[PDB]
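First comes the structure, then the notes that go with it.
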Amino acid sequence: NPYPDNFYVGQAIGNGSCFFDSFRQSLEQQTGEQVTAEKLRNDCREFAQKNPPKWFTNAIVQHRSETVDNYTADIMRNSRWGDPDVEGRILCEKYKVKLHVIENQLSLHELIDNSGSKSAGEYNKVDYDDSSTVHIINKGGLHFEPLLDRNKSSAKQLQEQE
């Protein structure tokens with residue numbers, strides 16, 4: 001309903017990594033780039049180890065150095081669920097994509113890129129024909145599923161969905 005009729009809600013793994021798995025699936029369909037959910041967590045670990053800019057330390061917090069070190073361990077655990085505002089921003093920067101989240105609350109559209117998170121308004125309308133936007137749906141909390149495009153899915157993938 002809050003998306004065009006060629007899009008559908010896919011399935012994500014439910015071991016705590018649904019954010020990473022939803023991002024991975026939309027990334028692969030949109031750009032062809034295959035990255036495992038574990039590799040996406042490792043990209044966030046590496047971001048935190050490599051002189052991260054202040055937005056990141058500000059978001060997750062001397063005390064800063066231990067907090068970053070705790071993050072580098074915790075982000076590799078499936079128990080740590082991913083957050084579009086933090087891990088999504090890191091992955092948008094690495095993969096040169098914009099992340100569109102459909103949030104239920106009515107449906108609100110958020111767009112995240114390497115510079116942070118904004119509501120999709122008149123100047124930042126969601127573009128469902130842009131191969132550099134990836135799409136996920138957030139039913140509540142930090143629960144995510146990929147929003148995929150039938151036009152870009154194999155017939156077998158679509159039968160597995162049905």
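Convention: chains lettered A, B, ... in structure tokens order; per-chain residue numbering from 1; ligands numbered from 1 as shown.
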Could the residues of range 87-117 of chain A that have an atom at most 10 Å from range 41-48 of chain A be listed as JSON lines, each with its closest atom pair and the distance in Å to one decimal, counting only C-alpha atoms and ordered by chain and ascending residue number?
{"residue": "A:87", "atom": "CA", "partner": "A:44", "partner_atom": "CA", "distance": 6.3}
{"residue": "A:88", "atom": "CA", "partner": "A:44", "partner_atom": "CA", "distance": 9.2}
{"residue": "A:89", "atom": "CA", "partner": "A:44", "partner_atom": "CA", "distance": 9.6}
{"residue": "A:90", "atom": "CA", "partner": "A:44", "partner_atom": "CA", "distance": 6.4}
{"residue": "A:91", "atom": "CA", "partner": "A:43", "partner_atom": "CA", "distance": 7.3}
{"residue": "A:93", "atom": "CA", "partner": "A:47", "partner_atom": "CA", "distance": 9.9}
{"residue": "A:94", "atom": "CA", "partner": "A:43", "partner_atom": "CA", "distance": 7.9}
With N, CA, C and O atoms retained, write the just-selected residues as an mmCIF file, in the first residue's frame.
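Result file is part26.cif:
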data_model
loop_
_atom_site.group_PDB
_atom_site.id
_atom_site.type_symbol
_atom_site.label_atom_id
_atom_site.label_comp_id
_atom_site.auth_asym_id
_atom_site.auth_seq_id
_atom_site.Cartn_x
_atom_site.Cartn_y
_atom_site.Cartn_z
ATOM 1 N N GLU A 87 23.943 2.005 11.973
ATOM 2 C CA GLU A 87 24.488 1.075 10.988
ATOM 3 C C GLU A 87 24.003 1.404 9.602
ATOM 4 O O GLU A 87 24.768 1.249 8.638
ATOM 5 N N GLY A 88 22.753 1.858 9.444
ATOM 6 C CA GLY A 88 22.298 2.218 8.082
ATOM 7 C C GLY A 88 23.124 3.347 7.485
ATOM 8 O O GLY A 88 23.538 3.291 6.320
ATOM 9 N N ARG A 89 23.445 4.362 8.277
ATOM 10 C CA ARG A 89 24.254 5.478 7.797
ATOM 11 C C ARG A 89 25.664 5.014 7.415
ATOM 12 O O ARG A 89 26.210 5.425 6.365
ATOM 13 N N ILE A 90 26.246 4.117 8.217
ATOM 14 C CA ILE A 90 27.574 3.575 7.904
ATOM 15 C C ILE A 90 27.533 2.809 6.584
ATOM 16 O O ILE A 90 28.425 2.959 5.735
ATOM 17 N N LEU A 91 26.502 1.974 6.385
ATOM 18 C CA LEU A 91 26.480 1.157 5.172
ATOM 19 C C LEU A 91 26.138 1.995 3.946
ATOM 20 O O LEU A 91 26.583 1.676 2.825
ATOM 21 N N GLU A 93 27.191 4.990 3.450
ATOM 22 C CA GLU A 93 28.487 5.584 3.109
ATOM 23 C C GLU A 93 29.389 4.578 2.382
ATOM 24 O O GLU A 93 30.024 4.920 1.363
ATOM 25 N N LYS A 94 29.453 3.340 2.853
ATOM 26 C CA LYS A 94 30.341 2.362 2.217
ATOM 27 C C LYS A 94 29.848 1.981 0.819
ATOM 28 O O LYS A 94 30.649 1.941 -0.128
#
Write out as a PyMOL selection string all residues of chain A that DSSP puts in helix (DSSP H, G or I) for this structure's backbone.
chain A and resi 18-31+37-49+54-60+63-74+84-95+122-124+150-152+155-161
Just want the 9 Å neighbourhood of range 16-32 of chain A, counted on only C-alpha atoms, with same-chain residues fewer than 4 positions away dropped. Output as a PDB file with C-alpha atoms, in the first residue's frame.
ATOM      1  CA  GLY A  10      10.243 -10.170   1.475  1.00  0.00           C
ATOM      2  CA  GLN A  11      11.517 -12.218   4.382  1.00  0.00           C
ATOM      3  CA  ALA A  12      14.516 -11.535   6.593  1.00  0.00           C
ATOM      4  CA  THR A  36      26.587 -11.312   3.659  1.00  0.00           C
ATOM      5  CA  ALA A  37      24.875 -10.056   6.774  1.00  0.00           C
ATOM      6  CA  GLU A  38      28.063 -10.887   8.697  1.00  0.00           C
ATOM      7  CA  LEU A  40      27.746  -5.850   6.802  1.00  0.00           C
ATOM      8  CA  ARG A  41      28.282  -6.110  10.590  1.00  0.00           C
ATOM      9  CA  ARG A  77      26.984 -10.372  17.863  1.00  0.00           C
ATOM     10  CA  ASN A  78      23.680 -11.417  16.304  1.00  0.00           C
ATOM     11  CA  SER A  79      22.131 -10.304  19.613  1.00  0.00           C
ATOM     12  CA  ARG A  80      22.850  -6.627  18.748  1.00  0.00           C
ATOM     13  CA  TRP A  81      20.037  -5.604  16.407  1.00  0.00           C
ATOM     14  CA  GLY A  82      20.928  -3.123  13.658  1.00  0.00           C
ATOM     15  CA  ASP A  83      19.647   0.475  13.627  1.00  0.00           C
ATOM     16  CA  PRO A  84      19.088   2.428  10.354  1.00  0.00           C
ATOM     17  CA  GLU A  87      24.488   1.075  10.988  1.00  0.00           C
ATOM     18  CA  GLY A  88      22.298   2.218   8.082  1.00  0.00           C
ATOM     19  CA  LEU A  91      26.480   1.157   5.172  1.00  0.00           C
ATOM     20  CA  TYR A  95      28.037   1.165  -0.595  1.00  0.00           C
ATOM     21  CA  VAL A  97      23.420   4.081  -1.510  1.00  0.00           C
ATOM     22  CA  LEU A  99      18.374   3.763   2.480  1.00  0.00           C
ATOM     23  CA  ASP A 130      16.590   4.752  -8.549  1.00  0.00           C
ATOM     24  CA  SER A 131      19.002   1.833  -8.466  1.00  0.00           C
ATOM     25  CA  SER A 132      21.032   3.613  -5.769  1.00  0.00           C
ATOM     26  CA  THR A 133      18.169   3.588  -3.234  1.00  0.00           C
ATOM     27  CA  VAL A 134      17.702   0.414  -1.169  1.00  0.00           C
ATOM     28  CA  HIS A 135      14.357  -0.232   0.566  1.00  0.00           C
ATOM     29  CA  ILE A 136      13.285  -1.858   3.824  1.00  0.00           C
ATOM     30  CA  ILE A 137      10.085  -1.893   5.838  1.00  0.00           C
ATOM     31  CA  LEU A 142      13.840  -2.601  15.235  1.00  0.00           C
ATOM     32  CA  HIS A 143      12.048  -5.296  13.182  1.00  0.00           C
ATOM     33  CA  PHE A 144      12.798  -5.057   9.463  1.00  0.00           C
ATOM     34  CA  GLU A 145      12.040  -6.872   6.208  1.00  0.00           C
ATOM     35  CA  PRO A 146      13.362  -6.074   2.720  1.00  0.00           C
ATOM     36  CA  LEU A 147      11.013  -4.324   0.256  1.00  0.00           C
ATOM     37  CA  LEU A 148      11.775  -6.009  -3.078  1.00  0.00           C
ATOM     38  CA  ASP A 149      10.691  -5.476  -6.694  1.00  0.00           C
ATOM     39  CA  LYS A 152      13.971  -7.589 -10.531  1.00  0.00           C
ATOM     40  CA  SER A 153      13.171 -10.972  -8.941  1.00  0.00           C
TER      41      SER A 153
END
What parts of range 22-137 of chain A does DSSP call strand (DSSP E or B)? I'd like the answer as JSON, numbers by chain.
{"A": [98, 99, 100, 101, 102, 103, 104, 107, 108, 109, 110, 111, 112, 113, 116, 117, 118, 119, 133, 134, 135, 136, 137]}
Dump as a CSV table (one decimal), in the first residue's frame, selection limited to N, CA, C and O atoms:
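Resulting contents of result_17.csv:
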chain,number,residue,atom,x,y,z
A,98,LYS,N,21.4,5.2,-0.9
A,98,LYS,CA,20.5,5.8,0.1
A,98,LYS,C,19.6,4.7,0.6
A,98,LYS,O,19.2,3.8,-0.2
A,99,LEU,N,19.2,4.8,1.9
A,99,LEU,CA,18.4,3.8,2.5
A,99,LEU,C,17.0,4.4,2.8
A,99,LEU,O,16.9,5.3,3.5
A,100,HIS,N,16.0,3.8,2.1
A,100,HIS,CA,14.6,4.2,2.4
A,100,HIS,C,13.9,3.2,3.3
A,100,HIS,O,14.0,2.0,3.1
A,101,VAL,N,13.4,3.7,4.5
A,101,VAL,CA,12.7,2.9,5.5
A,101,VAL,C,11.3,3.3,5.4
A,101,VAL,O,11.0,4.5,5.6
A,102,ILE,N,10.4,2.4,5.3
A,102,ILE,CA,8.9,2.6,5.5
A,102,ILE,C,8.6,2.3,6.9
A,102,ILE,O,8.8,1.1,7.3
A,103,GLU,N,8.3,3.2,7.7
A,103,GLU,CA,8.0,3.0,9.2
A,103,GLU,C,6.5,3.0,9.4
A,103,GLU,O,5.8,4.0,9.0
A,104,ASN,N,6.0,2.0,10.0
A,104,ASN,CA,4.6,2.2,10.5
A,104,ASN,C,4.5,3.0,11.8
A,104,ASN,O,5.5,2.9,12.6
A,107,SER,N,1.8,5.3,7.3
A,107,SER,CA,3.2,4.9,6.9
A,107,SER,C,4.0,6.2,6.7
A,107,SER,O,3.6,7.1,6.0
A,108,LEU,N,5.1,6.2,7.4
A,108,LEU,CA,6.1,7.3,7.3
A,108,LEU,C,7.3,6.9,6.5
A,108,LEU,O,7.7,5.7,6.7
A,109,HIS,N,7.8,7.7,5.6
A,109,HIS,CA,8.9,7.4,4.8
A,109,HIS,C,10.1,8.2,5.3
A,109,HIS,O,10.1,9.4,5.4
A,110,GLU,N,11.2,7.4,5.6
A,110,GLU,CA,12.5,8.1,6.0
A,110,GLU,C,13.5,7.7,4.9
A,110,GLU,O,13.5,6.6,4.3
A,111,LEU,N,14.4,8.7,4.7
A,111,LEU,CA,15.5,8.4,3.8
A,111,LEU,C,16.8,8.8,4.6
A,111,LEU,O,16.9,9.8,5.2
A,112,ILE,N,17.7,7.8,4.6
A,112,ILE,CA,19.0,7.9,5.2
A,112,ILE,C,20.1,7.9,4.2
A,112,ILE,O,20.0,7.1,3.2
A,113,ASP,N,21.1,8.7,4.3
A,113,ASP,CA,22.3,8.5,3.5
A,113,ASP,C,23.5,8.8,4.3
A,113,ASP,O,23.5,8.7,5.5
A,116,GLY,N,23.1,11.2,7.1
A,116,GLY,CA,22.1,11.1,8.2
A,116,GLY,C,20.7,10.9,7.7
A,116,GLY,O,20.5,10.6,6.5
A,117,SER,N,19.7,11.1,8.5
A,117,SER,CA,18.3,10.6,8.4
A,117,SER,C,17.4,11.8,8.3
A,117,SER,O,17.5,12.7,9.1
A,118,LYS,N,16.5,11.8,7.3
A,118,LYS,CA,15.5,12.8,7.2
A,118,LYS,C,14.2,12.2,6.7
A,118,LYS,O,14.1,11.2,6.1
A,119,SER,N,13.1,12.9,7.0
A,119,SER,CA,11.8,12.5,6.5
A,119,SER,C,11.8,12.7,5.0
A,119,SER,O,12.3,13.7,4.5
A,133,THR,N,18.9,3.6,-4.5
A,133,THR,CA,18.2,3.6,-3.2
A,133,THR,C,17.9,2.1,-2.9
A,133,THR,O,17.3,1.4,-3.8
A,134,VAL,N,18.1,1.7,-1.7
A,134,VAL,CA,17.7,0.4,-1.2
A,134,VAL,C,16.5,0.6,-0.2
A,134,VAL,O,16.3,1.8,0.3
A,135,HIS,N,15.7,-0.4,-0.1
A,135,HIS,CA,14.4,-0.2,0.6
A,135,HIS,C,14.1,-1.3,1.6
A,135,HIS,O,14.2,-2.5,1.3
A,136,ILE,N,13.7,-0.9,2.8
A,136,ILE,CA,13.3,-1.9,3.8
A,136,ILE,C,12.0,-1.3,4.5
A,136,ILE,O,11.7,-0.1,4.4
A,137,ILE,N,11.3,-2.3,5.1
A,137,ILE,CA,10.1,-1.9,5.8
A,137,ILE,C,10.2,-2.2,7.3
A,137,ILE,O,10.8,-3.3,7.7
Go through A:162, A:122, A:69, A:85 and flag the residue nearest residue 50 in chain A, using only C-alpha atoms for the distances.
A:69
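Shortest separation to residue 138 in chain A among A:7, A:115, A:105, A:15 occurs at residue A:105, atoms counted being only C-alpha atoms.
You will find CA of residue 65 in chain A at 12.9 Å from CA of residue 53 in chain A.
Counting from CA of residue 58 in chain A, the distance to CA of residue 76 in chain A is 20.3 Å.
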Measure the distance from CA of residue 67 in chain A to CA of residue 49 in chain A in Å and round it to one decimal.
11.5 Å
